[PDB]
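Every number here is computed from the coordinates shown, using simple stated rules; none is lab data. Cβ: placed from backbone, ideal geometry, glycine included. Neighbour counts: every protein chain shown.
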Amino acid sequence: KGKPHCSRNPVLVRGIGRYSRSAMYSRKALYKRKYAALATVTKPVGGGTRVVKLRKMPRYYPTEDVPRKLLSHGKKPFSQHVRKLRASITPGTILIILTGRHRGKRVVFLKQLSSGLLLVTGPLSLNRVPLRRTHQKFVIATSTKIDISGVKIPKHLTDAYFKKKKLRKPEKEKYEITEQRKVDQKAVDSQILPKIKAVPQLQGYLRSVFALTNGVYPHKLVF
Amino acid sequence: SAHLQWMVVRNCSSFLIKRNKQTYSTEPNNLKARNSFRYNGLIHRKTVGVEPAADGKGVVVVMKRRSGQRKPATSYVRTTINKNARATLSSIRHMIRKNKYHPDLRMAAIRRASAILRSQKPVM
Amino acid sequence: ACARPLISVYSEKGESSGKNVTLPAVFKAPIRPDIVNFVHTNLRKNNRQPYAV
Amino acid sequence: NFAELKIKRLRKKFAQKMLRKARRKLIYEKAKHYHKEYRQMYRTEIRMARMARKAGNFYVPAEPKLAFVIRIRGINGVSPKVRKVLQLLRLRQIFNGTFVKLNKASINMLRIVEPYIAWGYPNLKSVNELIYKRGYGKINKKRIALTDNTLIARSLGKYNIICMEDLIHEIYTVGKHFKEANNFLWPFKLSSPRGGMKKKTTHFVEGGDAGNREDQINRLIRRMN
Amino acid sequence: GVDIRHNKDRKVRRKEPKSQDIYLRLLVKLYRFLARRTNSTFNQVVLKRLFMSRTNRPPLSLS
Amino acid sequence: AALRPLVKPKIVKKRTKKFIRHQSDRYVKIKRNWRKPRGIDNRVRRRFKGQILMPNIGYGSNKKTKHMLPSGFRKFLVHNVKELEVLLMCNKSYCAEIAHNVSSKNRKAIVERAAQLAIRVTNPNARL
RNA sequence: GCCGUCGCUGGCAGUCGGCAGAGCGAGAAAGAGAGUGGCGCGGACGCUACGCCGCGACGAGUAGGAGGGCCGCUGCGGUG
RNA sequence: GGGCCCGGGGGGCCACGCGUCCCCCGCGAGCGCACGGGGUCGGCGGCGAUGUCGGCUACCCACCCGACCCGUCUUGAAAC
Ligand SMILES: [Mg+2]
Ligand SMILES: [Mg+2]
Ligand SMILES: [Mg+2]
Ligand SMILES: [Mg+2]
Ligand SMILES: [Mg+2]
Ligand SMILES: [Mg+2]
Ligand SMILES: [Mg+2]
Ligand SMILES: [Mg+2]
Ligand SMILES: [Mg+2]
Ligand SMILES: [Mg+2]
Ligand SMILES: [Mg+2]
Ligand SMILES: [Mg+2]
Ligand SMILES: [Mg+2]
């Protein structure tokens, strides 16, 4: 066996390579790369030994069964889908949340998680929005950007980090802010907050909520 | 012959039920109660029947012998199986495949046996 | 359709008497449900009494 | 012994693949050839005109051999002679389309149905898009989309038309078997013109839509294909 | 709307025997299979004449 | 917690209103049972806009969900325990309806047996 | 997309299983031919053939014709 | 311009074994991605036992658009 080699045909456009068949034929040196033509486990027992079937026939059969589906292609699971991000959402961009209890608040975009959801912070001390996931379709990307290129976001802050844990009821069960989250909030905030205060009137801008008022029309105004 | 006897009874039989846009057959040795040439339990030389035992324990597998085709009293051989669920199905599968006795009724016989045994569990 | 086996004669006690009769040929005749229904249909009208106002 | 039969089974599959692979090369190279041919036809017309303009003369190009015909009127109140001619063109429905190779016999049929059709000369792009998006074959008298090349080859193969490119070349250049390749195609079902019409009830030269609009049919084909 | 007539769409021809005879229909089952699964046009002709009516099946004399 | 069918496809009805007969709102003598209007001037027969509609084979239901109950099953009237057992091998597609004229005594046995065979009953709680 | 009609007078008896070997939709007649010399015991559904399945086109209607009604009413032979 | 874009002295080719005779001068293997014979997620969230959830249709009400009374003779009927 040999180590995999990166494709020698760069992509020109999706589905079309840069090089033709004969061009690739030479690049791959195919002129010299020519080539020519358990179900049971035995166990001892206290007979002497028994041949044991690893998988047993069903003990039941429903009266009816559905047939097998026809085969398709291109229907991937969610985890294998490509994630897209609006070009207007770069790290350090200020976004306006449009849904949930934090609607109208202006928050700082940190990064896009593997699931495709965005990660944002208020920061908490400015508008009481913590490290929280938000969906890009439900945010307005303003044109205001702070430079958070030097901010080290903890690497454990992943989709699994922010996934909700189920709470059971038989009265009521209350969510609790784990001490780890508080520690993570301070670590990230301590780096973003000084950079927000570098821009005049920006911390006050982040404290203030977005709302439409008389005569103000979203299609007319720049964000 | 079976085919000739199916032309007589396919739409004229005391065992024929037509109702609610559905058709069934109530004769013995019909594994699916289906008005069908394949599943009819009277017109073929060889037939398979699965019924519950006289007591609600086990199944009775009925096989039609080859010889007495015109002698209804000795025509059918009954066998009671009262093993565990998986062992009962294996015997039915072997009684059909190994003997090559209507191999086209193998899963219908196995599905009917699983439905009788399941009905013999305690009702929740 | 040319098989005429022997048919057992049974005794009044429900056992084979040992005597046999060859199956009469009439039991191998064509079975025609449509001829029977035609004949049963038209013969069953022959015992009717007339009615009229 | 089964192993000997399996090799026979495999060697039959290999041969079919090797024949299938050689056929792909044939259609690949026919298209490469047609591309060159179309370019020479396009360039040759320009060169003939340029050399006539140089000498102070006029180069008069050959009258078109191909017309595309669209029925622009409904089916209510059609006179018997128009009704028969529209049936022979296979335009039995409004906005149906067909290619019609031009000659004295056919040009005079198109004159009888002048109020009921918009026609004109399609360019190479019109023949491409018409047959790719909306091309259906008449196979065993059924309307089958030409989704695979074998569909063309089984019916027109005897005329050496074995791929969509061979079909487009027979139609566009009006080849020896235009009649067969063109009857093979089901009449094109075109949509309502997007962007509207001018006046379907009068001639194109009157500011309407009926009649011969020459190369201007291509604009109409873009909006209906 | 499509300009076409519909008076001739339905073809008048027997797809089966009008007879309810069960022996004739067993022969039709037989020759339906043979006509379908063999390339023999003779089977198709016989299958067609099994559907035919009494007057379309004249008796053939010995002479 | 009721027995479920093998599949539960969405049931699509082209029309859910009934086809009420023409002029049956105007008289009591005209019942709402559909009658095809056949008068010469009848504007319903001519399909004038805004008038009572007429049934036609276009309203036909999808063959896959036709005669299907909202639960996903198809009913089958039964009069006794013996008729019930025909549904033993199709208990995942066909349910049981007990006929109206079966006495309260016998309904207990039919309902009792149906539970054992995993057959669903549409009207098990009647005549208690 | 769904319903029906018509057409293909289309396809399916091959459910040919451990007495096994799964194919015959494919551009272009005719054989997945036969030979003679040089561990496991397993493999969904189907087929009321008056059944089931596929593909394409089509659908106005008085007078009038024809088909199908597991439409409805009363009584008779059978059967349940 | 046409002649597999004839013959001689930086960029793409659906050229790429060979012994030759010479015109001319019949089965490699694997692995993987996919604009590939019609949709999937191997993606998630909220709410729920006395006032709430679902209920096409049906009972009543409202609104917007549509809307003349049937049968009949009749070229023509909502017809004064
Ligand atoms: Mg007009
Ligand atoms: Mg527009
Ligand atoms: Mg006019
Ligand atoms: Mg139409
Ligand atoms: Mg008509
Ligand atoms: Mg007619
Ligand atoms: Mg009138
Ligand atoms: Mg009609
Ligand atoms: Mg109004
Ligand atoms: Mg009158
Ligand atoms: Mg008058
Ligand atoms: Mg009137
Ligand atoms: Mg008046």
- Report yes if residue F:54 is touching a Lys or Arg at 6+ places or on another chain (Cβ under 6 Å) and not β-branched (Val, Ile, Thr), otherwise no. no
- If residue D:46 satisfies every condition in (1) hydrophobic (A, V, I, L, M, F, W, C); (2) surrounded by fewer than 12 Cβ atoms within 10 Å (Cβ to Cβ); (3) in contact with a helix residue (DSSP H, G or I) (Cβ under 6 Å, 6 or more places away or on another chain) but one, which is the exception? (3)
- Query: Which condition breaks for residue A:120 when tested against (1) assigned to a loop (DSSP other than H, G, I, E, B); (2) surrounded by 16 or more Cβ atoms within 10 Å (Cβ to Cβ)?
  - Reply: (1)
- Query: Is it the case that the range C:13-26 has a residue that's more than 14 Å from chain E (Cβ to nearest Cβ) and assigned to a helix (DSSP H, G or I)?
  - Reply: yes
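Residue by residue, here is whether (1) farther than 30 Å from residue B:28 by Cβ; (2) basic (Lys, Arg); (3) surrounded by fewer than 14 Cβ atoms within 10 Å (Cβ to Cβ); (4) under 23 Å from the mean Cα position of the chain (by Cα) holds:
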residue: F:3; (1), (2), (3), (4): no, no, no, yes
residue: F:42; (1), (2), (3), (4): yes, no, no, no
residue: F:52; (1), (2), (3), (4): yes, no, no, no
residue: F:60; (1), (2), (3), (4): yes, no, yes, yes
residue: F:63; (1), (2), (3), (4): yes, yes, yes, yes
residue: F:85; (1), (2), (3), (4): no, no, no, yes
residue: F:97; (1), (2), (3), (4): no, no, no, yes
- Query: Do we have any residue at all in the range F:19-33 that's acidic (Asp, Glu), more than 14 Å from every other protein chain (Cβ to nearest Cβ), more than 30 Å from residue F:118 (Cβ to Cβ) and more than 14 Å from RNA strand G (Cβ to nearest atom)?
  - Reply: yes
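Residues being part of a loop (DSSP other than H, G, I, E, B) and over 20 Å from residue A:145 (Cβ atoms): count how many of those fall in the range A:164-208.
So the count comes out to 15.
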- Message: On the basis of being closer than 21 Å to residue F:114 by Cα and within 12 Å of chain A (Cβ to nearest Cβ), does residue B:87 make the cut?
- Response: no
- Query: In this structure, does residue F:84 turn out to be in a helix (DSSP H, G or I) and either within 16 Å of RNA strand H (Cβ to nearest atom) or touching a strand residue (DSSP E or B) at 6+ places or on another chain (Cβ under 7 Å) (or both)?
  - Reply: yes
- Task: Can you tell me which residue among D:172, D:116, D:136, D:121 is in contact with a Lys or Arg (Cβ under 6 Å, 6 or more places away or on another chain) and under 19 Å from residue D:102 (Cα atoms)?
- Result: D:116
- Message: Out of F:89, F:54, I need the residue that is within 14 Å of chain B (Cβ to nearest Cβ), away from ligand 6 (no atom under 16 Å from the Cβ) and of a type in the set (A, V, I, L, M). Which one?
- Response: F:89
- When every residue in the range E:15-63 that is among the aliphatic types (A, V, I, L, M) and within 14 Å of chain B (Cβ to nearest Cβ) is compared, the one nearest to residue C:31 (Cα to Cα) is E:22
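Would the range C:34-53 turn up any residue that is assigned to a strand (DSSP E or B) and of a type outside the set (A, V, I, L, M)?
no
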- When both residues are 6+ apart or on different chains and their Cβ atoms are under 9 Å apart, which pairs have a first residue that lies in the range A:43-62 and is within 14 Å of chain B (Cβ to nearest Cβ), and a second that is assigned to a loop (DSSP other than H, G, I, E, B) and among the aliphatic types (A, V, I, L, M)? A:53/A:39; A:55/A:39; A:62/F:6
- Query: Looking at the range D:52-66, is at least one residue more than 16 Å from ligand 12 (Cβ to nearest atom), among the aliphatic types (A, V, I, L, M) and under 22 Å from residue D:190 (Cα atoms)?
  - Reply: yes
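Table: residues versus (1) closer than 30 Å to residue B:124 by Cα; (2) away from RNA strand H (no atom under 14 Å from the Cβ); (3) away from chain B (no Cβ under 14 Å).
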site	(1), (2), (3)
F:6	yes, yes, no
F:47	no, no, yes
F:71	yes, no, yes
F:79	yes, yes, no
- Among the residues of the range F:16-40, count how many are near RNA strand H (Cβ under 6 Å from one of its atoms), more than 30 Å from residue F:6 (Cβ to Cβ) and within 19 Å of the chain's Cα centre (by Cα). 2
- Message: Here is a list: B:81, B:43, B:17, B:92. Which entry is closer than 30 Å to residue C:22 by Cα and among the hydrophobic types (A, V, I, L, M, F, W, C)?
- Response: B:43
- Task: Return only the number of the condition from (1) farther than 21 Å from residue B:37 by Cβ; (2) within 11 Å of chain A (Cβ to nearest Cβ); (3) not acidic (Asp, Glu) that residue B:80 does not satisfy.
- Result: (2)
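Condition check ((1) away from chain B (no Cβ under 14 Å); (2) closer than 24 Å to residue B:114 by Cα) across all residues:
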{"site": "F:62", "(1), (2)": "yes, no"}
{"site": "F:65", "(1), (2)": "no, no"}
{"site": "F:76", "(1), (2)": "no, yes"}
{"site": "F:82", "(1), (2)": "no, yes"}
{"site": "F:106", "(1), (2)": "yes, no"}
{"site": "F:114", "(1), (2)": "no, yes"}
- Of the residues that make up the range B:53-75, is at least one within 13 Å of chain F (Cβ to nearest Cβ) and surrounded by fewer than 21 Cβ atoms within 10 Å (Cβ to Cβ)? yes
- Task: Please enumerate the residues belonging to the range C:4-53 that are of a type in the set (A, V, I, L, M, F, W, C) and in contact with a helix residue (DSSP H, G or I) (Cβ under 8 Å, 6 or more places away or on another chain).
- Result: C:31
- Task: Would you be able to say whether some residue in the range A:93-106 is under 30 Å from residue B:115 (Cβ atoms) and either aromatic (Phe, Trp, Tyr) or assigned to a loop (DSSP other than H, G, I, E, B) (or both)?
- Result: no
- Query: Which of the residues that make up the range B:90-124 are hydrophobic (A, V, I, L, M, F, W, C), facing chain A (nearest Cβ under 10 Å) and in contact with a strand residue (DSSP E or B) (Cβ under 6 Å, 6 or more places away or on another chain)?
  - Reply: B:113
- Message: Suppose we filter D:179, D:199 for residues that are away from ligand 6 (no atom under 16 Å from the Cβ), within 19 Å of residue D:120 (Cα to Cα), assigned to a helix (DSSP H, G or I) and of a type in the set (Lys, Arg); which single one remains?
- Response: D:179
- Query: Is there a residue in the range B:33-55 that is within 13 Å of RNA strand G (Cβ to nearest atom) and assigned to a strand (DSSP E or B)?
  - Reply: yes
- Of all the residues that make up the range B:28-40, how many are surrounded by 19 or more Cβ atoms within 10 Å (Cβ to Cβ) and under 21 Å from residue B:93 (Cβ atoms)? 5
- Item | Residue count, the range D:126-166 (criterion: more than 16 Å from residue D:20 (Cα to Cα) and loosely packed, with under 14 Cβ neighbours inside 10 Å) | 10
- Identify all residues within the range E:5-23 that are loosely packed, with under 14 Cβ neighbours inside 10 Å and under 19 Å from residue B:5 (Cβ atoms); write none if there are none. E:23
